[PDB]
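Order of writing sets the chain letters: A, B, C and D. Residues in each chain are counted from 1.
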Amino acid sequence: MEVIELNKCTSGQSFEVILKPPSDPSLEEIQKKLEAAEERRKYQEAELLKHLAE
Amino acid sequence: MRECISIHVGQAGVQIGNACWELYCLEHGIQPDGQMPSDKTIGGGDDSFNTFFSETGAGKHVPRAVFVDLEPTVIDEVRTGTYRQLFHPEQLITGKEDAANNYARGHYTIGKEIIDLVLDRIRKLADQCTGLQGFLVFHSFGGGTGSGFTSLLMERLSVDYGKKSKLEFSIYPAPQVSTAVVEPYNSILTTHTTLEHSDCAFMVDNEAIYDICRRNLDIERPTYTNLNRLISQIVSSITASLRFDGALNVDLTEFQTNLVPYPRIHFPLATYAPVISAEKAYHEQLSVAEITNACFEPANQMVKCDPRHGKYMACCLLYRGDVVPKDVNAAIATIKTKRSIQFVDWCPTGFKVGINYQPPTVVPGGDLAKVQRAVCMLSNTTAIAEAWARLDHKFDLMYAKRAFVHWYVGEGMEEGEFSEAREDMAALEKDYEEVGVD
Amino acid sequence: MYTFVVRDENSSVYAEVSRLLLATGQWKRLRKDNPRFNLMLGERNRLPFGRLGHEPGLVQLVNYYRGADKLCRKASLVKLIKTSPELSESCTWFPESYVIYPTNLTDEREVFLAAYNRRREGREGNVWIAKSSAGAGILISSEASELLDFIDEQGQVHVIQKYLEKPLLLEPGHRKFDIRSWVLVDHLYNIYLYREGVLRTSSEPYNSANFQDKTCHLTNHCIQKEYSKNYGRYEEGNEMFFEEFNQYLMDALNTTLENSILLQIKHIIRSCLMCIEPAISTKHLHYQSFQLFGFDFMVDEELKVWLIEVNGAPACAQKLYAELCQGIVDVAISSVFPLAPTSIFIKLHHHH
Amino acid sequence: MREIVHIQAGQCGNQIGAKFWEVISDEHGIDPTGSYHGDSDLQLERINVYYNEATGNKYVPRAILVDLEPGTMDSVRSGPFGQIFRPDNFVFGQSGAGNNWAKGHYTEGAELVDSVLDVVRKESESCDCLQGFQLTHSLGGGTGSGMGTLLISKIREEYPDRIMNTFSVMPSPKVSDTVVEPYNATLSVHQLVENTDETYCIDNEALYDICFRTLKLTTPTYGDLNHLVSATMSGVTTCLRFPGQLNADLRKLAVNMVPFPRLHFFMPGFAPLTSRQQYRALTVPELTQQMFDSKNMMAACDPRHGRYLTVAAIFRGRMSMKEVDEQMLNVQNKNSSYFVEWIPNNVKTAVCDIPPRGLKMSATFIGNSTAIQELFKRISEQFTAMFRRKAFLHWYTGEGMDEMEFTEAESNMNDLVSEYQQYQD
């Protein structure tokens, strides 16, 4: 039950009690993901318009 | 002094962000017009509260915050609310139609077209900071914006601010206050793509806040205003160290140092007490031992789970009010001889304690009664895995039938991203089991 | 109209409880995966406790206490007793036991041999029994070498404990036996002891000069009905009920089952369950638990009661299924979900 | 500012569409001349959703009236609120459609469809942010069925990423005008399967039985049946026209109701339905028990014959929202054998403080139930009864159609039934 690193200031204090010792995707790569999904939306809408044109 | 920029995404993040900044102003003595009489340095200063507020030549204390929503109704409350004068228009960003609770729509379809605008507005706030620590990001799991656009913003912040820490306040989906059904999908999608980008996240389960509001506050059917005012108290308890003089959790990095020994396992459980109804005739003031003992009752946890059947990796005790170290240690001793507190063998069995003498501030007319002392415990338990298990099971039920998947594929998402995100959650669940179970 | 789910088709007990629940016309059984249930008759292994109590408006109840395995595992019970101050290492009603891991894997090998050498040198009876939870696999021997070598040949944790060389033998027959007590713990953590017990007797004469033939030493209902040639001679199915056993104690020993044995049993059930109450109580939990336990006791020739083990999913005696299953529905299920005596249980009062 | 464009086509579509604008105009305080006269700001909060604001604070519905003959729309223009509609928004011909899907879709209707789209484009071009479209029509005639489904096909081509919901009256031999109704209904259903995000299936027989059996109306009229549809339409759009719990747009509402793109046909319901014992206060238990009762549903399908994929309910009036949840969570947890268990929390409830005219409180039911397959089985059976003999086909082949197109519509509907059947097991 040890108290270590006791710090006191005007608005409070803090300390540590020990009870027992122990035993990314680049900017380019993101643009590709965003544009690849945008391209799948364009393709799906094209098949819809191609369907409606038929 | 180092600055923190808060980012509020989606309806949940914006309304929660609104409640916190209201609370911050009442705590730091700031008026709705941005004026702060106690700030003797006009138009400048490197005080502790300056980590969250900047100052104009006219003495206005302006939050270091950005509000983002794909639809404007929630952010229009801020533009016209009580604290409209605090923010300037550049800080409030709104689209014209939301993501319809569709992750793919917020991340890809709409997110792609507004991500650069948000980064620009954030860059402006960053350009006012002499030493930016990082970002606090508020959002929901369930919303199409809160889930889908946040994960895109997190990826870009990791690129544009490599050496900056990013903490989250995330709202876990609860059926009692949700008319949606696809929220398990969004939660898992956003956790997968946000995992590697978030240093420390505080999950708040709406189900937990709902019961605390009915149980302790005697609200029959709580509103978002009720939930948010309680949630902003816990948020204030967690961010107080950054805004006040002190020596514990004085910068965003210290949160990971003290609460996250393993990177992926960065979801500390939060417990708060006491929550006393204001309508009560007058409540007996609880002691340090009583409120500390309450921190091990599931009824006051931000995520309902049983820590008695987990292992602790870290534990932080944040006190506010009339509390002295003597009483803390005295209570902690008693609890160890009465409670089930099993730590992992590769972590010390101890508690870091912070005390701020200023008692919890309460919004006038709110539901919470003014107490003389309160505490918030941050403990990294494997028991919080129960929440990942619950959420992952709901995902499996719908995904077996591919229910609602066409809504995501229709916005440009590949079905493979579903199973890819799910297998990541399976790996996350296995990590908790290797750390907690024998 | 209450709803329940069945997730263990092998439980003879709760099969009868479910059969009774439906008979009331006020309980509806749902598919085993329907989460909108009031009562879960859960599985034995890996019961998903984390998914309980998260259905809006549904008060949910389960028939297993999360964490009670600490008390129903051979190796866990030994650890709980030695490390729990409420029971201490000097616990007088539990045989000396040691946790021994096979060498192919803390472990108490040296601690066991230290106590073993002490007995051998002191001329005292030095007979032990090695067993594990992964058994139908038990070995009784007086040599420490045989016990440890038997465990190494296996691959699971075992327990070596002292063998009661002075058991109380029933007459006529000169035969061993054990006592099974069923205990129900409701959501409020009241400890109810079923008024009906059973003595699983051995139909073979106890022989202390031959531990090789384990038919007279092991009183398991399956062993007697398989490796015993006098099964059912003295009592039907080698099952003597408290009425007869009590009558015997009066004629033979001039004492009652209550004074001589039951007081110690009630004391043991309390000490065990009160110990783990802080760890498994669902008092302030988002769901409610209750569980039926099966305690196994041994009695020596001094009429001292010894705890053998505790079962987490016990079966019942054929003649007592109806009365006990109905008793579970009365105090455990209907107490939480009421419907539109002279209790068969004995409430063991205690401080929570 | 999430605007909705309303289109009503054909006799049924315009007579039902008219009563709809009559109902909500009263709820928003709009008089027959377009001038507001309410006493609550909630009436104007979401007023732009369905109304345009003209000079002098006038509110003009955002509605387009379409027909191939002038008769019905002459009635509307001379009807109660006839003056409230934009004069330019009346688009009609003189030929008529002769209750022939081919005339509404391929010949007569094709000659008029472009001028309708010009009005639609005009209304859309003024919307700050278009939510989507809603169409009222019947499936048993020629205009609302044949030309309505043609309008949807051309609206989707020009607005591919906008929501399209319809209120579709399904024919029944009990309330029938012509024998070719099964033909027209089968041909429209496939258009709706492909091109609507939501279709509220309103069965004329269910409406009839409700008027005769529940309402005790000796001799029901089309007017009586339409009173039920107006009330149901006012119910489902309550969450769009007033502020409350949910503030979702058409797309978010569809996202949570439609787990599969083709299975988007809803069974609507309404409560109370009282016969003239009409002043008695209706309790929350009664509102809930009726709302889920089959007799209160307008699809003429027994839900106990299938399973709910998703269920929504809107409660209107000053009531105990706590006691609301108690009765809802009671109906679910007492009949969970009819809800699919692989969509967690598929029963959602919302409250609105404003009750309908002359009702302390009410509830509107919206079920995405696999039992709707019984409705398509009926239509298919009646279709094949005639088509096997090619009866009345000449009316359609004379308009350029071929028998093959009928065979395809037949297969499409029977596939639709097979899709509902797999999800019911």
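The definition used in the following text is that a contact is a pair of C-beta atoms (placed from the backbone, for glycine too) under 8 Å apart; a residue touches a chain by one contact, two chains touch by 3 or more.
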Highest contact count belongs to the pair A-B
Of all chains shown, the one whose Cα mean is least distant from the combined Cα mean is B
By Cα centroid distance, the chain farthest from subunit B is C
With chain centres taken as the means of their Cα atoms, state the distance from subunit A to subunit D in Å.
-> 43
State, to the nearest whole Å, the distance from the C-alpha centre of subunit A to the C-alpha centre of subunit B.
-> 14
Separation of mean Cα positions, subunit C and subunit B [Å, integer] = 46
Where subunit C touches two or more other chains simultaneously, the residues are 56
Please list all residues of subunit D that touch 2 or more other chains.
-> 325, 341, 344-345
Spell out, as numbers or ranges, the residues of subunit B touching 2 or more other chains.
-> 175
Pairwise chain contacts, counting only pairs that touch as defined | A-B, A-D, B-C, B-D, C-D
Report the residues of subunit D in contact with subunit B in the complex, numbered from low to high.
-> 1-2, 128-129, 245-249, 251-252, 254-256, 258-261, 310, 312, 321-322, 325, 341-346, 348-350, 423
Sort out for me which residues of subunit B touch subunit D in the complex.
-> 73, 96-98, 100-102, 144, 175, 178-182, 184, 220-221, 394, 397-398, 400-401, 403-404, 406-407
Given the complex with subunit D, which residues does subunit A contribute to the contact?
-> 45, 48-49, 52
Residue set of subunit B touching subunit C in the complex reads 175-176, 207, 211, 297-299, 304-306, 308-309, 338-340, 385-387, 389-390, 393
Could you please specify the touching residues of subunit B with respect to subunit A in the complex?
-> 104, 108-109, 111-112, 152, 155-156, 158-159, 162, 196-197, 244-248, 325, 328-329, 332-333, 336, 343, 345-358, 410-414
